[PDB]
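Beneath this line is the structure, given in structure tokens, with notes to follow.
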Amino acid sequence: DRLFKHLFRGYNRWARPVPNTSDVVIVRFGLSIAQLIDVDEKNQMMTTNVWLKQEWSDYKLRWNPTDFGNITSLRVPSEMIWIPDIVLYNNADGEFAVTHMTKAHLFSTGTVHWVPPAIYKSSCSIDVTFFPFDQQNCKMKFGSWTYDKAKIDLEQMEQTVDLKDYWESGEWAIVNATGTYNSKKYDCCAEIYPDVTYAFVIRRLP
Amino acid sequence: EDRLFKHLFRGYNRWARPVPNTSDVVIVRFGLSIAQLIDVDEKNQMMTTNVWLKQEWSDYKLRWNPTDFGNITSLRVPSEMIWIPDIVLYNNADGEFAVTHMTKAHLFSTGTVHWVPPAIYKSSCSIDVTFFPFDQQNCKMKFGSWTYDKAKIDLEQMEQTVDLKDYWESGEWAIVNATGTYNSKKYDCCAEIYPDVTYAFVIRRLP
Amino acid sequence: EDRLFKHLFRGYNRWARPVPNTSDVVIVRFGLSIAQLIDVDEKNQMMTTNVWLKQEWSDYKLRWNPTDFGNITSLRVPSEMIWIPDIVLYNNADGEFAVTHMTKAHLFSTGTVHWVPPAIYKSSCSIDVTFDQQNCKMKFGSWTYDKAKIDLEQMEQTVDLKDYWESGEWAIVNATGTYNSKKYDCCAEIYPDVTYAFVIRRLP
Amino acid sequence: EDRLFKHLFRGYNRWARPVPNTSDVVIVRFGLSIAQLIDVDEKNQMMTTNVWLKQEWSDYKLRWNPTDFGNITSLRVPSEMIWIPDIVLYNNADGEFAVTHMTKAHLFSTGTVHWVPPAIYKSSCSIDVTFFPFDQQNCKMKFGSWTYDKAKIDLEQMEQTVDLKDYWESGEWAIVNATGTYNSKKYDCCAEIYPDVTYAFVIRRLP
Amino acid sequence: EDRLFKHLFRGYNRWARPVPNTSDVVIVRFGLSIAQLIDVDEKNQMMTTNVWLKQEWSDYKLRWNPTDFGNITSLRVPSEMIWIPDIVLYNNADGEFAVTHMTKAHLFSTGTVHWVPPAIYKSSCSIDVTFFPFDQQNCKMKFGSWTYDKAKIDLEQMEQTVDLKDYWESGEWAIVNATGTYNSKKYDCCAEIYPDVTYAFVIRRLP
Ligand SMILES: Clc1ccc([C@H]2C[C@@H]3CC[C@H]2N3)cn1
Ligand SMILES: Clc1ccc([C@H]2C[C@@H]3CC[C@H]2N3)cn1
Ligand SMILES: Clc1ccc([C@H]2C[C@@H]3CC[C@H]2N3)cn1
Ligand SMILES: Clc1ccc([C@H]2C[C@@H]3CC[C@H]2N3)cn1
Ligand SMILES: Clc1ccc([C@H]2C[C@@H]3CC[C@H]2N3)cn1
Numbered sequence: 034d035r036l037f038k039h040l041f042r043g044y045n046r047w048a049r050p051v052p053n054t055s056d057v058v059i060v061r062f063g064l065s066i067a068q069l070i071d072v073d074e075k076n077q078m079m080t081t082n083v084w085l086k087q088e089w090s091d092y093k094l095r096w097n098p099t100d101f102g103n104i105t106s107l108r109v110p111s112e113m114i115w116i117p118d119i120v121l122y123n124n125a126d127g128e129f130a131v132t133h134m135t136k137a138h139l140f141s142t143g144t145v146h147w148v149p150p151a152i153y154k155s156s157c158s159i160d161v162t163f164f165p166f167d168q169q170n171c172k173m174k175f176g177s178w179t180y181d182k183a184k185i186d187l188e189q190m191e192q193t194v195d196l197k198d199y200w201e202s203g204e205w206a207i208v209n210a211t212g213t214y215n216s217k218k219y220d221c222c223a224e225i226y227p228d229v230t231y232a233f234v235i236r237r238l239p
Numbered sequence: 033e034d035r036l037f038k039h040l041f042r043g044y045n046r047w048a049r050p051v052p053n054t055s056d057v058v059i060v061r062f063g064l065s066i067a068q069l070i071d072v073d074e075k076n077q078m079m080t081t082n083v084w085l086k087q088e089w090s091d092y093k094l095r096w097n098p099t100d101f102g103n104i105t106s107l108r109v110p111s112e113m114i115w116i117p118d119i120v121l122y123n124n125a126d127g128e129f130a131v132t133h134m135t136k137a138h139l140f141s142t143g144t145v146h147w148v149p150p151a152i153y154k155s156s157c158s159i160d161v162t163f164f165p166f167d168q169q170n171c172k173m174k175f176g177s178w179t180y181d182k183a184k185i186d187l188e189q190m191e192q193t194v195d196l197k198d199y200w201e202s203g204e205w206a207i208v209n210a211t212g213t214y215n216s217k218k219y220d221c222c223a224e225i226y227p228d229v230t231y232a233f234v235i236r237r238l239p
Numbered sequence: 033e034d035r036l037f038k039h040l041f042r043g044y045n046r047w048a049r050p051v052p053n054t055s056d057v058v059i060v061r062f063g064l065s066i067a068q069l070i071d072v073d074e075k076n077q078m079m080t081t082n083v084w085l086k087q088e089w090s091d092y093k094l095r096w097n098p099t100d101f102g103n104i105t106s107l108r109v110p111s112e113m114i115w116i117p118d119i120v121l122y123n124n125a126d127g128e129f130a131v132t133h134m135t136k137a138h139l140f141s142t143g144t145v146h147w148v149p150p151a152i153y154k155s156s157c158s159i160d161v162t163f167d168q169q170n171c172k173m174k175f176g177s178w179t180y181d182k183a184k185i186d187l188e189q190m191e192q193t194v195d196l197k198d199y200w201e202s203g204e205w206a207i208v209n210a211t212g213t214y215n216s217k218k219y220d221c222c223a224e225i226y227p228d229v230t231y232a233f234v235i236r237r238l239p
Numbered sequence: 033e034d035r036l037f038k039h040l041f042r043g044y045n046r047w048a049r050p051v052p053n054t055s056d057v058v059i060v061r062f063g064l065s066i067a068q069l070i071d072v073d074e075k076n077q078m079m080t081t082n083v084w085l086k087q088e089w090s091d092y093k094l095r096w097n098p099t100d101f102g103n104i105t106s107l108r109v110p111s112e113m114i115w116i117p118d119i120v121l122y123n124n125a126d127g128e129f130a131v132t133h134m135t136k137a138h139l140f141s142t143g144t145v146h147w148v149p150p151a152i153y154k155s156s157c158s159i160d161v162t163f164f165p166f167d168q169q170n171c172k173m174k175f176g177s178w179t180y181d182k183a184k185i186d187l188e189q190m191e192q193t194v195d196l197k198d199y200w201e202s203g204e205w206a207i208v209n210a211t212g213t214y215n216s217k218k219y220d221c222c223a224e225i226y227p228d229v230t231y232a233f234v235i236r237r238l239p
Numbered sequence: 033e034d035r036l037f038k039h040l041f042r043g044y045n046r047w048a049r050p051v052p053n054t055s056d057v058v059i060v061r062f063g064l065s066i067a068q069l070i071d072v073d074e075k076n077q078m079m080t081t082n083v084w085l086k087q088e089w090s091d092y093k094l095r096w097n098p099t100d101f102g103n104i105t106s107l108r109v110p111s112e113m114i115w116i117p118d119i120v121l122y123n124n125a126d127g128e129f130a131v132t133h134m135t136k137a138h139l140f141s142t143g144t145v146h147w148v149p150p151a152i153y154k155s156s157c158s159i160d161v162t163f164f165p166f167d168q169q170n171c172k173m174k175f176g177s178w179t180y181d182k183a184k185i186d187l188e189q190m191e192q193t194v195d196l197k198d199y200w201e202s203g204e205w206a207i208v209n210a211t212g213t214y215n216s217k218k219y220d221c222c223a224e225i226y227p228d229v230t231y232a233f234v235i236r237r238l239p
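Residue numbers (the entry's author numbering), protein chains in the order written: chain A, 34 to 239; chain E, 33 to 239; chain D, 33 to 163, 167 to 239; chain C, 33 to 239; chain B, 33 to 239.
Next up, the structure:
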């Protein structure tokens, strides 16, 4: 019975503690871009509609399908489980994390697939090459806000799962798109925090 | 003797989390009503609408026989209390992705759920040109469940029985004929297959 | 009961979910009060009002005998605790469909509720200025409960909707509310509403 | 005599719902402080103020004797836990309408509460007629309990002794007259009589 | 092998409400880092910033002995679960008071917390312009406890050694000099004395 598996896993659990026997949590992270909504220059910023692909392992979420119902995978609330606190470093002008939220896809293996939608407003830069065919770099910097490389580290979801895959063409381009792993000590706080920053290229399309 | 006796018996056992199923596949008759064309602006590249998402599905866990309640066969229950579909607006949401009100569902003793919340959607579009007073536009709205694939959930388009156009106050521009069509796809992000229904519009002004 | 036993006496068994009666048909007395016309937008063709939603109905379960309590009559309770009507603004609330405040209700031992939430609505109009007329109607109603379950009788617009009206840049010369009943093609039942129609001449 | 232990003593038997007296007529000491004049836009004739609503009242239910505790007394608790005045802005308020924050209150062993939450108010006003200067303006703010009448709740105005302007940073455009004044009315909606304090401001533009 | 062995029992005995001190005066090391200067309006009427409020204080009740943990014992806890300072932006505008996110705190066996939530503040300052590209502006940001005075809580300004500007993103323009300065005052509203740290900025339209 479906309710039988939920109470089994949710019954004891703290979403608060990091999900493993001991260090460290690895998160597969990839950006999908559904639409580049608008970028105005007067504003000097870009508006995007994206999907934040995240998959990680929660051992405390493991179960045996043979035991009840032969249920390999169920869809549970992301509010119920532990999720990584991933923020958009790059100066969201409304909101930093994914606020919708949406359900997570949990597999009997303890593997979580979360893909919430987001509308981000993020600051960009502008190349001057031509008047109409002129260009812009528009970076997007995602990373965990509170967990450092010791506690959480992200493996970049491998640009094979396409940055551009469902992108519906609006007005502008986004020609070269790059994910890049980085790591730093930030001058505030003792630990070193991984990020994946994205570089986009948008050419004014006539 | 009292409806409150039926609230208990229905809610008592229930989990909102699992799809209200027996073994496999929830089906939603899905239909759009349009109250308003609020704004269409070029600057921002979007369209603003006030729509009604009519939804209908059957909840197995929620069936009862009216004789056990009274000569009345339906009560209105909170949409936060029951399982409802995770349907989202794919193309932007500068208001919101899901329906945010959210109103009650009208539950029928047969187990049939009708949920029809109001919504104001801000949805992306490619907005015309100058091209004289006469410039028209497609402006699509793309709906589908976000986490549940076709195995788990599927959408069948209402006969357009929830009327697309009967209650529509004009006030802004056009909506001449607006067309829905079912689709289905795989996305590189998820192994499963997800149905959507996108709705297409046509816009005029008042020349 | 000690002044709190009465909260406890009624709040204890009660459900906010169920329409509050013994049989059928909750009747809600409804009136629109207008405090201010904030703005009427020309380009974007619509009007913004700050209103008071007068609501009155009878909740059976909330009845008591005051003798059993202080002699203090009736009290003010939180609106989230009781059943309140889901009256929504049909008509383009582009900020907000319903009353989002939510202020308290004045509940009487008699089982009578008086709820008057303030609300700020952004509402659609039709053909503006140059002569200069405007439609600017506001359509109110229960969203999920049809006439069978809940129905509205107008606090007469005889009790003036306009007493509190402070005039900004526009008019509101004649504004009249009128009751309707309709079937919508989405839904099999019949749903009553009260539309209030305004006319504003920006009058010099 | 444990500091978190004292909380346990006041909060345990309490309802935020009921007026804190056991008799009649809560008196809330009320005064407006103006920290900043944020913006003045003439088109929509409204004013944006950053204000502090000074409120202090007595909770019968909140007294304790410091001798019985050790750090010892008069500490700050969350404003959500107690009963507080439903004081609202009659005038306009398109962002807040009420305090909507909300801050902590400072509770005194004597049972008296000081709540002083910040607000961003957007409020309407008039330029009046031509012999009032054309670039100067009168701007009123009407504050009061929304659901409680003078019998159940009443306001006594803090004198202009506690300065509206002490925290008033002299901004871009000026403020001259500051007078708050108590009123009471019967409203055609509602049988009772509801006290208010209206504040009337004057603002001249010498740049 | 369980943080819940550790999570539990730390939070278990806890009240978020009372200031976490056996004596008096919890000291918060308080500091700003600037990620981006989003915008300056406008004309009308304000400045927009993307900030990190670096905060550190000591909650003794959050102490545990690390030996009951493997070696380096500090875990990340919900800021919702602990006591956190009520620091607000005094001036604000059409934006928001306090930290509205809000992210996790870094708790040390020492009882020492590191909380550094991101923030988007909209605050004027003063309208500026009047000149051509060469107009300059002084935009201040005043942070401080709202309800807690210096007797109960006080601020030590974090060294500007730990960087204010390192992550300063070019964006649109300016923000060439910043200064933090500690103040303490009596307000005619409130009998005690409330300390603040105000920041003064200078932003030259980037050439
Ligand atoms: Cl509790 C905590 C952890 C980390 C941080 C900061 C350090 C890195 C850079 C910004 C954010 N992440 C701030 N607070
Ligand atoms: Cl559950 C439900 C019932 C009815 C409806 C709609 C039909 C009537 C008019 C609009 C709204 N009310 C929408 N949802
Ligand atoms: Cl948990 C989860 C599963 C699947 C999805 C995806 C399937 C459809 C198309 C994109 C998004 N919605 C997103 N999240
Ligand atoms: Cl429950 C209730 C009672 C009274 C009121 C009204 C009385 C004063 C004036 C408007 C509003 N405040 C509104 N709601
Ligand atoms: Cl409960 C309370 C006490 C005092 C205060 C005020 C004193 C200083 C200046 C504004 C605010 N901080 C605000 N609230």
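Even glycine gets a Cβ: it sits at the ideal position worked out from N, Cα and C.
- Apart from sequence neighbours up to five positions away, the residues of its chain that approach residue 33 of chain D with a beta-carbon distance below 7 angstroms are 41, 100 and 101, ordered along the chain.
- In the DSSP assignment, residue 196 of chain B forms no beta bridge with any residue.
- Residue 238 of chain E counts as exposed, since fewer than 16 other C-beta atoms from the protein chains shown sit within 10 angstroms of its C-beta.
- Closest in C-alpha terms to residue 180 of chain C, from the list C:76, C:56, C:163 and C:128, comes C:56.
- The three-state secondary structure of residue 92 of chain C, taken from DSSP, is helix.
- Note that the C-beta distance between residue 83 of chain B and residue 151 of chain B is below 7 angstroms.
- Per DSSP, residue 121 of chain A lies in no alpha helix (DSSP H); the unbroken beta strand (DSSP E) holding it starts and ends at 119-121.
- By the CB criterion at 7 angstroms, residue 114 of chain C and residue 48 of chain C fall inside the cutoff.
- In the pairwise beta carbon analysis, the stretch 87-94 of chain E is classified as touching the stretch 54-71 of chain E: at least three pairs are separated by under 8 angstroms.
- When 9 angstroms is used as the limit between beta carbons, residue 171 of chain E is near no residue of chain A, the shortest such separation being about 12 angstroms.
- In the three-state DSSP reduction, residue 237 of chain B falls in the coil class, being neither helix nor strand.
- Under DSSP, residue 156 of chain E takes part in a beta bridge, and its partners are E:78.
- In this structure, residue 108 of chain D and residue 184 of chain C form a Cβ contact; the two beta carbons are roughly 7 angstroms apart against a cut-off of 8 angstroms.
- Under the three-state reduction of DSSP output, residue 217 of chain D falls in the strand class.
- Closest in alpha carbon position to residue 134 of chain E, among E:229, E:163, E:110 and E:144, is E:110.
- Within the chosen limit of 6 angstroms, ligand 5 does not reach the beta carbon of residue 51 of chain B with any heavy atom.
- Counted as a single uninterrupted DSSP element, the alpha helix (DSSP H) harbouring residue 39 of chain B occupies residues 35-39.
- Annotation for residue 95 of chain C: 141, 142 and 143 place their beta carbon closer than 7 angstroms to its own, counting only its chain and skipping 5 residues before and after.
- One finds nothing in chain D with a Cβ atom closer than 7 angstroms to the Cβ of residue 80 of chain C; even the nearest lies about 14 angstroms away.
- Put simply, the CB of residue 168 of chain E is far from chain D, with every gap to its CB atoms at 7 angstroms or more.
- For residue 161 of chain B, same chain residues with a beta-carbon under 6 angstroms away, outside a window of 5 residues either side, are 167 in chain order.
- Distances between the C-beta of residue 179 of chain E and the heavy atoms of ligand 3 include at least one below 6 angstroms.
- For ligand 4, a non-hydrogen atom lies closer than 6 angstroms to the CB of residue 137 of chain D.
- Counting only runs that start and end inside the stretch 123-182 of chain B, the beta strand (DSSP E) elements of at least 3 residues fall at 137-140, 144-147, 150-155 and 170-176.
- The three-state reading of DSSP puts residue 73 of chain B in coil, since its state is none of H, G, I, E or B.
- Not a single CB atom of chain C sits nearer than 7 angstroms to the CB of residue 90 of chain B.
- Going by beta carbons, residue 121 of chain D and residue 153 of chain D fall inside the 7 angstroms limit.
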